[PDB]
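What follows is query.cif (mmCIF, C-alpha atoms and all ligand atoms).
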```cif
data_target
loop_
_atom_site.group_PDB
_atom_site.id
_atom_site.type_symbol
_atom_site.label_atom_id
_atom_site.label_comp_id
_atom_site.auth_asym_id
_atom_site.auth_seq_id
_atom_site.Cartn_x
_atom_site.Cartn_y
_atom_site.Cartn_z
ATOM 1 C CA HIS A 3 129.322 129.726 99.753
ATOM 2 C CA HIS A 4 125.964 128.315 98.766
ATOM 3 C CA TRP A 5 122.919 130.257 97.605
ATOM 4 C CA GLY A 6 120.619 132.009 99.971
ATOM 5 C CA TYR A 7 118.853 135.308 100.441
ATOM 6 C CA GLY A 8 121.634 137.788 101.542
ATOM 7 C CA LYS A 9 123.722 140.541 99.988
ATOM 8 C CA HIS A 10 126.379 138.214 98.828
ATOM 9 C CA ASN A 11 124.404 135.082 97.964
ATOM 10 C CA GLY A 12 120.804 136.245 97.365
ATOM 11 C CA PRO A 13 118.690 136.277 94.208
ATOM 12 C CA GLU A 14 120.771 138.721 92.240
ATOM 13 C CA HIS A 15 123.702 136.193 92.610
ATOM 14 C CA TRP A 16 121.968 133.056 91.593
ATOM 15 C CA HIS A 17 122.569 133.274 87.867
ATOM 16 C CA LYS A 18 126.339 132.602 88.379
ATOM 17 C CA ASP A 19 125.605 129.005 89.548
ATOM 18 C CA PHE A 20 122.232 128.612 87.759
ATOM 19 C CA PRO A 21 122.305 130.520 84.462
ATOM 20 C CA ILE A 22 118.680 129.638 83.788
ATOM 21 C CA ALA A 23 117.988 132.452 86.330
ATOM 22 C CA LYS A 24 117.950 134.744 83.285
ATOM 23 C CA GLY A 25 115.824 132.423 81.240
ATOM 24 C CA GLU A 26 112.662 132.790 79.270
ATOM 25 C CA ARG A 27 110.049 131.569 81.733
ATOM 26 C CA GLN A 28 111.294 132.491 85.258
ATOM 27 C CA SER A 29 109.141 133.010 88.341
ATOM 28 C CA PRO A 30 107.737 134.773 90.227
ATOM 29 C CA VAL A 31 106.201 137.605 88.203
ATOM 30 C CA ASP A 32 104.052 140.624 88.759
ATOM 31 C CA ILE A 33 100.445 139.827 87.944
ATOM 32 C CA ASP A 34 99.038 142.902 86.252
ATOM 33 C CA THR A 35 95.375 142.201 86.754
ATOM 34 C CA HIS A 36 94.224 144.563 84.074
ATOM 35 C CA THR A 37 96.265 142.882 81.268
ATOM 36 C CA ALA A 38 95.579 139.231 82.383
ATOM 37 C CA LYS A 39 93.406 137.635 79.701
ATOM 38 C CA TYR A 40 90.079 136.079 80.771
ATOM 39 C CA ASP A 41 89.874 132.663 79.267
ATOM 40 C CA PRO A 42 86.292 131.318 79.517
ATOM 41 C CA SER A 43 87.626 127.934 78.302
ATOM 42 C CA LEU A 44 89.607 127.516 81.619
ATOM 43 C CA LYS A 45 88.065 124.776 83.825
ATOM 44 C CA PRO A 46 87.377 125.155 87.575
ATOM 45 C CA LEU A 47 90.360 123.990 89.580
ATOM 46 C CA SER A 48 89.866 120.519 91.117
ATOM 47 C CA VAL A 49 91.562 120.260 94.450
ATOM 48 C CA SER A 50 91.037 116.856 95.993
ATOM 49 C CA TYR A 51 92.721 116.801 99.364
ATOM 50 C CA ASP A 52 90.393 114.406 101.367
ATOM 51 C CA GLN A 53 92.927 111.563 101.565
ATOM 52 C CA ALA A 54 96.056 113.647 102.187
ATOM 53 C CA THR A 55 98.644 112.017 104.376
ATOM 54 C CA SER A 56 101.181 114.469 105.889
ATOM 55 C CA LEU A 57 104.324 112.847 107.207
ATOM 56 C CA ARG A 58 106.830 115.318 108.370
ATOM 57 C CA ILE A 59 107.684 118.956 108.784
ATOM 58 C CA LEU A 60 111.192 120.039 107.894
ATOM 59 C CA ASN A 61 113.471 123.128 108.171
ATOM 60 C CA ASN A 62 115.757 122.849 105.122
ATOM 61 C CA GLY A 63 117.496 126.125 105.722
ATOM 62 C CA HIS A 64 115.461 127.957 103.076
ATOM 63 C CA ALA A 65 111.905 127.501 104.336
ATOM 64 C CA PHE A 66 109.821 125.127 106.408
ATOM 65 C CA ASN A 67 108.217 122.265 104.449
ATOM 66 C CA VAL A 68 105.255 120.045 105.216
ATOM 67 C CA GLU A 69 105.803 116.744 103.275
ATOM 68 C CA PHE A 70 103.101 114.291 102.251
ATOM 69 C CA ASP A 71 103.065 110.620 101.245
ATOM 70 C CA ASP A 72 102.909 110.908 97.422
ATOM 71 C CA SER A 73 103.314 107.138 96.707
ATOM 72 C CA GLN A 74 99.602 106.965 95.712
ATOM 73 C CA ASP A 75 96.887 109.284 94.216
ATOM 74 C CA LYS A 76 95.608 110.605 97.507
ATOM 75 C CA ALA A 77 95.849 114.423 97.368
ATOM 76 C CA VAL A 78 95.706 115.603 93.773
ATOM 77 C CA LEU A 79 95.262 118.716 91.679
ATOM 78 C CA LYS A 80 93.602 118.587 88.282
ATOM 79 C CA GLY A 81 91.329 120.539 86.029
ATOM 80 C CA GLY A 82 91.979 124.255 85.871
ATOM 81 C CA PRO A 83 94.605 124.669 83.083
ATOM 82 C CA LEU A 84 96.061 121.212 83.606
ATOM 83 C CA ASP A 85 95.991 118.096 81.406
ATOM 84 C CA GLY A 86 96.159 115.062 83.644
ATOM 85 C CA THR A 87 96.760 114.522 87.332
ATOM 86 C CA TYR A 88 99.242 116.151 89.662
ATOM 87 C CA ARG A 89 100.056 114.703 93.038
ATOM 88 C CA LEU A 90 100.693 116.804 96.184
ATOM 89 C CA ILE A 91 104.206 116.261 97.465
ATOM 90 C CA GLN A 92 104.610 119.130 99.961
ATOM 91 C CA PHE A 93 103.922 122.689 100.835
ATOM 92 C CA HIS A 94 105.972 125.550 102.128
ATOM 93 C CA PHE A 95 105.879 129.322 102.511
ATOM 94 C CA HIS A 96 107.915 132.407 101.709
ATOM 95 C CA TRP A 97 107.618 135.444 103.971
ATOM 96 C CA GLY A 98 108.958 138.819 105.007
ATOM 97 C CA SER A 99 110.720 140.606 107.824
ATOM 98 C CA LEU A 100 107.760 143.015 107.949
ATOM 99 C CA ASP A 101 104.065 142.542 107.036
ATOM 100 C CA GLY A 102 104.601 144.774 103.945
ATOM 101 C CA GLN A 103 106.649 142.212 102.028
ATOM 102 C CA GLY A 104 107.271 138.487 101.758
ATOM 103 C CA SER A 105 105.216 137.249 98.738
ATOM 104 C CA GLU A 106 107.045 136.155 95.550
ATOM 105 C CA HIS A 107 104.273 136.960 93.119
ATOM 106 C CA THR A 108 102.832 140.459 93.359
ATOM 107 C CA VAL A 109 99.369 141.730 92.151
ATOM 108 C CA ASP A 110 99.569 145.150 90.489
ATOM 109 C CA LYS A 111 102.934 145.542 92.292
ATOM 110 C CA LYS A 112 101.241 144.784 95.697
ATOM 111 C CA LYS A 113 103.338 142.545 98.001
ATOM 112 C CA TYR A 114 101.644 140.316 100.512
ATOM 113 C CA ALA A 115 103.074 139.292 103.869
ATOM 114 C CA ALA A 116 103.674 135.742 102.725
ATOM 115 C CA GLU A 117 102.912 133.209 100.034
ATOM 116 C CA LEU A 118 102.016 129.547 100.347
ATOM 117 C CA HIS A 119 103.119 127.069 97.694
ATOM 118 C CA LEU A 120 101.462 123.660 97.392
ATOM 119 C CA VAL A 121 103.677 121.665 95.085
ATOM 120 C CA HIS A 122 102.320 118.903 92.925
ATOM 121 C CA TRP A 123 104.013 116.702 90.254
ATOM 122 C CA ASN A 124 102.544 115.260 87.061
ATOM 123 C CA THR A 125 101.890 111.547 87.606
ATOM 124 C CA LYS A 127 102.721 110.942 83.877
ATOM 125 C CA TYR A 128 106.407 111.256 84.957
ATOM 126 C CA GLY A 129 106.229 108.800 87.820
ATOM 127 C CA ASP A 130 107.998 110.823 90.506
ATOM 128 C CA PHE A 131 109.012 114.310 91.481
ATOM 129 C CA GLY A 132 112.637 114.083 90.389
ATOM 130 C CA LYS A 133 111.723 113.063 86.876
ATOM 131 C CA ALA A 134 108.881 115.564 86.696
ATOM 132 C CA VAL A 135 111.142 118.601 87.359
ATOM 133 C CA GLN A 136 113.043 117.791 84.191
ATOM 134 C CA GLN A 137 109.875 118.312 82.113
ATOM 135 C CA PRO A 138 108.249 121.472 80.828
ATOM 136 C CA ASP A 139 104.882 120.398 82.332
ATOM 137 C CA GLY A 140 106.273 118.544 85.346
ATOM 138 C CA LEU A 141 104.898 120.550 88.224
ATOM 139 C CA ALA A 142 101.751 122.478 89.134
ATOM 140 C CA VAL A 143 102.313 124.875 92.038
ATOM 141 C CA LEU A 144 99.182 126.317 93.686
ATOM 142 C CA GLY A 145 100.159 129.726 95.130
ATOM 143 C CA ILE A 146 98.029 131.415 97.839
ATOM 144 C CA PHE A 147 98.761 134.836 99.244
ATOM 145 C CA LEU A 148 98.728 135.585 102.994
ATOM 146 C CA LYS A 149 97.589 138.936 104.426
ATOM 147 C CA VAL A 150 97.821 139.803 108.113
ATOM 148 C CA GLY A 151 94.381 140.148 109.799
ATOM 149 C CA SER A 152 92.237 137.521 111.528
ATOM 150 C CA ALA A 153 93.959 134.203 112.400
ATOM 151 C CA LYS A 154 93.741 131.183 110.090
ATOM 152 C CA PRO A 155 92.727 128.427 112.536
ATOM 153 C CA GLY A 156 93.828 125.697 110.050
ATOM 154 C CA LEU A 157 97.319 127.136 110.143
ATOM 155 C CA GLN A 158 97.824 126.885 113.865
ATOM 156 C CA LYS A 159 98.989 123.293 114.026
ATOM 157 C CA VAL A 160 101.809 124.238 111.768
ATOM 158 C CA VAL A 161 102.734 127.353 113.715
ATOM 159 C CA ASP A 162 102.776 125.505 117.027
ATOM 160 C CA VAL A 163 105.377 122.851 115.852
ATOM 161 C CA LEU A 164 107.888 125.537 114.491
ATOM 162 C CA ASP A 165 109.797 125.858 117.737
ATOM 163 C CA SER A 166 110.695 122.089 117.359
ATOM 164 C CA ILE A 167 112.370 122.763 113.942
ATOM 165 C CA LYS A 168 114.003 126.092 114.647
ATOM 166 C CA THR A 169 117.281 125.388 112.795
ATOM 167 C CA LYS A 170 118.529 124.067 109.432
ATOM 168 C CA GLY A 171 118.182 120.265 109.113
ATOM 169 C CA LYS A 172 115.580 119.795 111.862
ATOM 170 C CA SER A 173 112.455 117.736 111.287
ATOM 171 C CA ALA A 174 109.497 116.503 113.188
ATOM 172 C CA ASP A 175 106.805 113.986 112.658
ATOM 173 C CA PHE A 176 103.758 115.815 111.339
ATOM 174 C CA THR A 177 100.805 113.542 110.758
ATOM 175 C CA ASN A 178 97.097 114.114 110.164
ATOM 176 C CA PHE A 179 97.529 117.755 108.967
ATOM 177 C CA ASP A 180 94.716 118.688 106.648
ATOM 178 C CA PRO A 181 95.846 121.209 103.930
ATOM 179 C CA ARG A 182 92.128 122.051 103.066
ATOM 180 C CA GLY A 183 92.320 124.325 106.179
ATOM 181 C CA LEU A 184 94.774 126.613 104.316
ATOM 182 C CA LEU A 185 92.511 127.367 101.301
ATOM 183 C CA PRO A 186 90.469 130.518 100.818
ATOM 184 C CA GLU A 187 86.752 130.319 99.842
ATOM 185 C CA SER A 188 87.178 131.041 96.127
ATOM 186 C CA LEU A 189 89.326 128.993 93.675
ATOM 187 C CA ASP A 190 89.329 131.857 91.095
ATOM 188 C CA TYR A 191 92.945 131.904 89.771
ATOM 189 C CA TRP A 192 95.565 133.314 87.394
ATOM 190 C CA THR A 193 97.816 130.885 85.477
ATOM 191 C CA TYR A 194 101.033 131.165 83.474
ATOM 192 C CA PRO A 195 104.138 129.010 82.630
ATOM 193 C CA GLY A 196 107.102 129.573 84.908
ATOM 194 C CA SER A 197 109.782 128.053 87.138
ATOM 195 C CA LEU A 198 110.910 127.068 90.593
ATOM 196 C CA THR A 199 111.637 130.247 92.557
ATOM 197 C CA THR A 200 114.797 128.802 94.200
ATOM 198 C CA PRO A 201 117.768 127.131 92.644
ATOM 199 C CA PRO A 202 117.880 125.079 90.463
ATOM 200 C CA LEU A 203 115.271 127.477 89.012
ATOM 201 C CA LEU A 204 114.011 124.786 86.586
ATOM 202 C CA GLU A 205 111.397 125.880 84.059
ATOM 203 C CA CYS A 206 108.960 123.019 84.882
ATOM 204 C CA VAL A 207 106.059 124.796 86.625
ATOM 205 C CA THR A 208 102.479 125.550 85.600
ATOM 206 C CA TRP A 209 101.688 128.274 88.101
ATOM 207 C CA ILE A 210 98.154 128.590 89.463
ATOM 208 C CA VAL A 211 97.864 131.662 91.763
ATOM 209 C CA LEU A 212 94.534 132.142 93.656
ATOM 210 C CA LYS A 213 93.073 135.627 93.521
ATOM 211 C CA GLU A 214 91.763 135.556 97.059
ATOM 212 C CA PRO A 215 94.346 135.728 99.882
ATOM 213 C CA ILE A 216 93.944 134.000 103.183
ATOM 214 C CA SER A 217 94.327 136.008 106.285
ATOM 215 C CA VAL A 218 96.628 134.975 109.092
ATOM 216 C CA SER A 219 97.265 136.804 112.384
ATOM 217 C CA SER A 220 100.202 138.883 113.247
ATOM 218 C CA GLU A 221 101.074 136.321 115.896
ATOM 219 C CA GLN A 222 101.066 133.441 113.398
ATOM 220 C CA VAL A 223 103.472 135.202 110.935
ATOM 221 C CA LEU A 224 105.625 136.387 113.843
ATOM 222 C CA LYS A 225 106.221 132.807 114.662
ATOM 223 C CA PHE A 226 107.474 132.087 111.085
ATOM 224 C CA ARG A 227 110.065 134.879 111.641
ATOM 225 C CA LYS A 228 111.495 133.077 114.749
ATOM 226 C CA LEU A 229 112.939 130.325 112.521
ATOM 227 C CA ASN A 230 116.605 130.302 111.640
ATOM 228 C CA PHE A 231 118.443 129.947 108.344
ATOM 229 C CA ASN A 232 121.494 128.521 110.203
ATOM 230 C CA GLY A 233 122.011 125.094 111.793
ATOM 231 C CA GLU A 234 121.988 124.417 115.577
ATOM 232 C CA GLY A 235 125.129 125.735 117.143
ATOM 233 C CA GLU A 236 125.954 127.949 114.179
ATOM 234 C CA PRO A 237 125.333 131.733 114.661
ATOM 235 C CA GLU A 238 121.701 132.991 114.564
ATOM 236 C CA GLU A 239 120.303 134.310 111.321
ATOM 237 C CA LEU A 240 116.546 134.809 111.345
ATOM 238 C CA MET A 241 114.658 133.046 108.472
ATOM 239 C CA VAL A 242 112.972 136.197 107.027
ATOM 240 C CA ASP A 243 112.799 137.569 103.502
ATOM 241 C CA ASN A 244 113.189 134.186 101.820
ATOM 242 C CA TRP A 245 111.398 135.401 98.674
ATOM 243 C CA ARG A 246 112.664 135.965 95.103
ATOM 244 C CA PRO A 247 111.549 139.276 93.510
ATOM 245 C CA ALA A 248 109.390 139.466 90.430
ATOM 246 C CA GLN A 249 111.212 138.529 87.201
ATOM 247 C CA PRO A 250 110.609 139.763 83.634
ATOM 248 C CA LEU A 251 107.414 138.376 82.061
ATOM 249 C CA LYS A 252 109.178 138.119 78.607
ATOM 250 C CA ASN A 253 107.089 136.446 76.027
ATOM 251 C CA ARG A 254 104.210 135.253 78.321
ATOM 252 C CA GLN A 255 100.530 135.925 78.819
ATOM 253 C CA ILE A 256 98.872 135.539 82.239
ATOM 254 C CA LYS A 257 95.383 133.971 81.932
ATOM 255 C CA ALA A 258 92.521 134.501 84.365
ATOM 256 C CA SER A 259 89.798 132.012 85.198
ATOM 257 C CA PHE A 260 87.437 134.849 86.090
ATOM 258 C CA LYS A 261 85.902 138.247 85.283
HETATM 259 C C1 LIG B 301 108.120 127.550 94.019
HETATM 260 N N1 LIG B 301 108.681 127.458 95.393
HETATM 261 S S1 LIG B 301 110.200 126.858 95.498
HETATM 262 O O1 LIG B 301 111.018 127.002 94.263
HETATM 263 O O2 LIG B 301 110.847 127.393 96.689
HETATM 264 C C2 LIG B 301 110.050 125.109 95.791
HETATM 265 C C3 LIG B 301 110.323 124.463 96.987
HETATM 266 F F1 LIG B 301 110.747 125.136 98.086
HETATM 267 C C4 LIG B 301 110.108 123.124 97.108
HETATM 268 F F2 LIG B 301 110.440 122.595 98.389
HETATM 269 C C5 LIG B 301 109.673 122.297 96.146
HETATM 270 S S2 LIG B 301 109.325 120.559 96.352
HETATM 271 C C6 LIG B 301 110.831 119.922 97.108
HETATM 272 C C7 LIG B 301 110.638 118.411 96.978
HETATM 273 O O3 LIG B 301 109.935 117.907 98.039
HETATM 274 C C8 LIG B 301 109.427 122.917 94.955
HETATM 275 F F3 LIG B 301 108.905 122.186 93.934
HETATM 276 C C9 LIG B 301 109.504 124.251 94.857
HETATM 277 F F4 LIG B 301 109.167 124.789 93.635
HETATM 278 NA NA NA B 302 105.787 126.199 119.671
HETATM 279 NA NA NA B 303 96.864 140.941 115.593
HETATM 280 NA NA NA B 304 128.354 126.469 118.786
HETATM 281 ZN ZN ZN B 305 108.017 128.299 96.992
#
```
Show me this structure written as structure tokens.
Amino acid sequence: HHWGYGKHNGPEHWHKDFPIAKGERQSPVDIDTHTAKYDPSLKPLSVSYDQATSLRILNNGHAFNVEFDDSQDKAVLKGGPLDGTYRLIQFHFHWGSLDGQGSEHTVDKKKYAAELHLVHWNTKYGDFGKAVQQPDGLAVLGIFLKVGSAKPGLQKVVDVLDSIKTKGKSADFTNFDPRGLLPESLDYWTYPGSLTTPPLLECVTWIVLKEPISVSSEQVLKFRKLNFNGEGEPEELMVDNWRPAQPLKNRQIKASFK
């Protein structure tokens, strides 16, 4: 009876195994754009993805995950609200059963069809597993997806999904360039928060871009053909693998713009 996204093991259940679910800095949150504080001391985000090395794509039963070689400073995030250097380890998405839902963060209560998370770990902690035990261990870049025109830079990912349909499948996935998933503007909101799946650790500096990318209906439809179950276990479509917004508590969301 492990955690998942259903009636009996979904987000409202998670606190029984992971009591930090009700903690002081949980994610996602609603971004109320009118109360976010402009901070003119926030630096432009530095996203340096030229040397990224993707390795593999994996269905873990919760999402699909594009993993990168993080054994050197290739693809890194710095600047913005960050002190020091954070290394890209992987990305993944959360999405809906319908185009009207699927994002984790919301903007003035608006849900997007999906949300991309590019996960990076602070190189002061030497690897990802040590970094998640620290208050400033991760920086997650979150990008919203709306359904409209196709994102051409997403298509390589979409086309390999049928090869990892079920829980525990991987595939080699080399030479994927994550710059193809970024919108034009790096204007962002930032706040202190957590992982959005168990173990829900409060180790994340969240950076959420204001500008969504658009993807086509066909591209998100293909995300919804994945399965939460393993091969030869009964079919459960991988849809609605998002956690709802959690109480902001004693936090202020900062804006890099306007
Ligand atoms: C914020 N999204 S999340 O909690 O679902 C999530 C995730 F799915 C990940 F896979 C990783 S990195 C796994 C190590 O490679 C991570 F840091 C995350 F925060
Ligand atoms: Na395919
Ligand atoms: Na369409
Ligand atoms: Na079977
Ligand atoms: Zn995520």
Environment of ligand NA 303 (chain B) within 10 Å, counting all atoms listed in the file, reported as a ChimeraX atom specification: /A:150-153,218-223
Which one is closest to ligand ZN 305 (chain B): A:67, A:108, A:11, A:43? Count all atoms listed in the file. A:67
Residues within 9 Å of ligand NA 302 (chain B) should be enumerated using all atoms listed in the file and returned as a list in words.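 Result of the 9 Å neighbour search around ligand NA 302 (chain B): residues 161, 162, 163, 164, 165, 166 and 225 of chain A.
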Can you write out as CSV which residues of chain A fall within 8 Å of ligand ZN 305 (chain B), alongside each residue's closest atom pair and its distance in Å to one decimal, counting all atoms listed in the file and ordering rows by chain and ascending residue number?
```
residue,atom,partner,partner_atom,distance
A:93,CA,B:ZN305,ZN,7.9
A:94,CA,B:ZN305,ZN,6.2
A:95,CA,B:ZN305,ZN,6.0
A:96,CA,B:ZN305,ZN,6.3
A:117,CA,B:ZN305,ZN,7.7
A:118,CA,B:ZN305,ZN,7.0
A:119,CA,B:ZN305,ZN,5.1
A:198,CA,B:ZN305,ZN,7.1
A:199,CA,B:ZN305,ZN,6.0
A:200,CA,B:ZN305,ZN,7.3
```
How many Å separate CA of residue 121 (chain A) from CA of residue 168 (chain A)?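 Straight-line distance from CA of residue 121 (chain A) to CA of residue 168 (chain A) works out to 22.6 Å.
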Closest contacts (chain A/ligand NA 304 (chain B), max 12 Å, only C-alpha atoms and all ligand atoms) as a Markdown table:
```
| residue | atom | partner | partner_atom | distance |
| --- | --- | --- | --- | --- |
| A:232 | CA | B:NA304 | NA | 11.2 |
| A:233 | CA | B:NA304 | NA | 9.5 |
| A:234 | CA | B:NA304 | NA | 7.4 |
| A:235 | CA | B:NA304 | NA | 3.7 |
| A:236 | CA | B:NA304 | NA | 5.4 |
| A:237 | CA | B:NA304 | NA | 7.3 |
| A:238 | CA | B:NA304 | NA | 10.2 |
```
I'd like the contact shell of residue 186 (chain A) - 7 Å cut-off, only C-alpha atoms, skipping same-chain residues fewer than 4 positions apart - returned as a PyMOL selection string. chain A and resi 214-216
Do you have, as JSON lines, the list of residues of chain A lying at most 10 Å from ligand LIG 301 (chain B), each with its nearest atom pair and that distance in Å to one decimal, counting all atoms listed in the file and ordered by chain then number?
```
{"residue": "A:29", "atom": "CA", "partner": "B:LIG301", "partner_atom": "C1", "distance": 7.9}
{"residue": "A:30", "atom": "CA", "partner": "B:LIG301", "partner_atom": "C1", "distance": 8.2}
{"residue": "A:60", "atom": "CA", "partner": "B:LIG301", "partner_atom": "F2", "distance": 9.9}
{"residue": "A:62", "atom": "CA", "partner": "B:LIG301", "partner_atom": "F2", "distance": 8.6}
{"residue": "A:64", "atom": "CA", "partner": "B:LIG301", "partner_atom": "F1", "distance": 7.4}
{"residue": "A:65", "atom": "CA", "partner": "B:LIG301", "partner_atom": "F1", "distance": 6.8}
{"residue": "A:66", "atom": "CA", "partner": "B:LIG301", "partner_atom": "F1", "distance": 8.4}
{"residue": "A:67", "atom": "CA", "partner": "B:LIG301", "partner_atom": "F2", "distance": 6.5}
{"residue": "A:68", "atom": "CA", "partner": "B:LIG301", "partner_atom": "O3", "distance": 8.8}
{"residue": "A:69", "atom": "CA", "partner": "B:LIG301", "partner_atom": "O3", "distance": 6.8}
{"residue": "A:70", "atom": "CA", "partner": "B:LIG301", "partner_atom": "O3", "distance": 8.8}
{"residue": "A:72", "atom": "CA", "partner": "B:LIG301", "partner_atom": "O3", "distance": 9.9}
{"residue": "A:90", "atom": "CA", "partner": "B:LIG301", "partner_atom": "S2", "distance": 9.4}
{"residue": "A:91", "atom": "CA", "partner": "B:LIG301", "partner_atom": "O3", "distance": 6.0}
{"residue": "A:92", "atom": "CA", "partner": "B:LIG301", "partner_atom": "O3", "distance": 5.8}
{"residue": "A:93", "atom": "CA", "partner": "B:LIG301", "partner_atom": "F2", "distance": 7.0}
{"residue": "A:94", "atom": "CA", "partner": "B:LIG301", "partner_atom": "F1", "distance": 6.3}
{"residue": "A:95", "atom": "CA", "partner": "B:LIG301", "partner_atom": "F1", "distance": 7.8}
{"residue": "A:96", "atom": "CA", "partner": "B:LIG301", "partner_atom": "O2", "distance": 7.7}
{"residue": "A:106", "atom": "CA", "partner": "B:LIG301", "partner_atom": "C1", "distance": 8.8}
{"residue": "A:117", "atom": "CA", "partner": "B:LIG301", "partner_atom": "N1", "distance": 9.4}
{"residue": "A:118", "atom": "CA", "partner": "B:LIG301", "partner_atom": "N1", "distance": 8.6}
{"residue": "A:119", "atom": "CA", "partner": "B:LIG301", "partner_atom": "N1", "distance": 6.0}
{"residue": "A:120", "atom": "CA", "partner": "B:LIG301", "partner_atom": "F3", "distance": 8.3}
{"residue": "A:121", "atom": "CA", "partner": "B:LIG301", "partner_atom": "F3", "distance": 5.4}
{"residue": "A:122", "atom": "CA", "partner": "B:LIG301", "partner_atom": "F3", "distance": 7.4}
{"residue": "A:123", "atom": "CA", "partner": "B:LIG301", "partner_atom": "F3", "distance": 8.2}
{"residue": "A:131", "atom": "CA", "partner": "B:LIG301", "partner_atom": "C7", "distance": 7.0}
{"residue": "A:132", "atom": "CA", "partner": "B:LIG301", "partner_atom": "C7", "distance": 8.1}
{"residue": "A:134", "atom": "CA", "partner": "B:LIG301", "partner_atom": "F3", "distance": 9.8}
{"residue": "A:135", "atom": "CA", "partner": "B:LIG301", "partner_atom": "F3", "distance": 7.8}
{"residue": "A:140", "atom": "CA", "partner": "B:LIG301", "partner_atom": "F3", "distance": 9.7}
{"residue": "A:141", "atom": "CA", "partner": "B:LIG301", "partner_atom": "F3", "distance": 7.2}
{"residue": "A:142", "atom": "CA", "partner": "B:LIG301", "partner_atom": "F3", "distance": 8.6}
{"residue": "A:143", "atom": "CA", "partner": "B:LIG301", "partner_atom": "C1", "distance": 6.7}
{"residue": "A:144", "atom": "CA", "partner": "B:LIG301", "partner_atom": "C1", "distance": 9.0}
{"residue": "A:145", "atom": "CA", "partner": "B:LIG301", "partner_atom": "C1", "distance": 8.3}
{"residue": "A:196", "atom": "CA", "partner": "B:LIG301", "partner_atom": "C1", "distance": 9.4}
{"residue": "A:197", "atom": "CA", "partner": "B:LIG301", "partner_atom": "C1", "distance": 7.1}
{"residue": "A:198", "atom": "CA", "partner": "B:LIG301", "partner_atom": "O1", "distance": 3.7}
{"residue": "A:199", "atom": "CA", "partner": "B:LIG301", "partner_atom": "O1", "distance": 3.7}
{"residue": "A:200", "atom": "CA", "partner": "B:LIG301", "partner_atom": "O1", "distance": 4.2}
{"residue": "A:201", "atom": "CA", "partner": "B:LIG301", "partner_atom": "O1", "distance": 6.9}
{"residue": "A:202", "atom": "CA", "partner": "B:LIG301", "partner_atom": "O1", "distance": 8.1}
{"residue": "A:203", "atom": "CA", "partner": "B:LIG301", "partner_atom": "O1", "distance": 6.8}
{"residue": "A:204", "atom": "CA", "partner": "B:LIG301", "partner_atom": "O1", "distance": 8.5}
{"residue": "A:205", "atom": "CA", "partner": "B:LIG301", "partner_atom": "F4", "distance": 9.9}
{"residue": "A:206", "atom": "CA", "partner": "B:LIG301", "partner_atom": "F4", "distance": 8.9}
{"residue": "A:207", "atom": "CA", "partner": "B:LIG301", "partner_atom": "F4", "distance": 7.7}
{"residue": "A:209", "atom": "CA", "partner": "B:LIG301", "partner_atom": "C1", "distance": 8.8}
{"residue": "A:244", "atom": "CA", "partner": "B:LIG301", "partner_atom": "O2", "distance": 8.8}
{"residue": "A:245", "atom": "CA", "partner": "B:LIG301", "partner_atom": "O2", "distance": 8.3}
{"residue": "A:246", "atom": "CA", "partner": "B:LIG301", "partner_atom": "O2", "distance": 8.9}
```
Taking (107.1, 136.7, 76.3) in the file's coordinates, which residues come within 12 Å, counting all atoms listed in the file, written as a ChimeraX atom specification? /A:25-28,31,194-196,249-256
What is the distance, in Å and to one decimal place, between CA of residue 57 (chain A) and CA of residue 129 (chain A)? 19.9 Å
Would you list the contacts of residue 75 (chain A) as an MDAnalysis selection string, taking every protein, DNA or RNA residue within 9 Å and counting all atoms listed in the file, but skipping same-chain residues closer than 2 positions in sequence? chainID A and resid 53 72:73 77:78 87:90 125
Using all atoms listed in the file, pick whichever of A:258, A:167, A:146, A:210 has the shortest atom-to-atom distance to residue 226 (chain A).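 Smallest separation from residue 226 (chain A) among the options: A:167.
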If we count all atoms listed in the file, what is near residue 257 (chain A) at a cut-off of 8 Å, once residues fewer than 2 positions away on the same chain are taken out, given as a ChimeraX atom specification? /A:38-41,192-194,255,259
Give me a file of those residues, with C-alpha atoms, as a CSV table (one decimal), in the frame of the given file.
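Final output, part-v5.csv:
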```
chain,number,residue,atom,x,y,z
A,38,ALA,CA,95.6,139.2,82.4
A,39,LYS,CA,93.4,137.6,79.7
A,40,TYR,CA,90.1,136.1,80.8
A,41,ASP,CA,89.9,132.7,79.3
A,192,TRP,CA,95.6,133.3,87.4
A,193,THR,CA,97.8,130.9,85.5
A,194,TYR,CA,101.0,131.2,83.5
A,255,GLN,CA,100.5,135.9,78.8
A,259,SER,CA,89.8,132.0,85.2
```
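In this comparison, which uses all atoms listed in the file, the residue of A:173, A:188, A:99, A:136 approaching residue 241 (chain A) most closely is A:99.
In this model, the gap between CA of residue 9 (chain A) and CA of residue 109 (chain A) comes to 25.6 Å.
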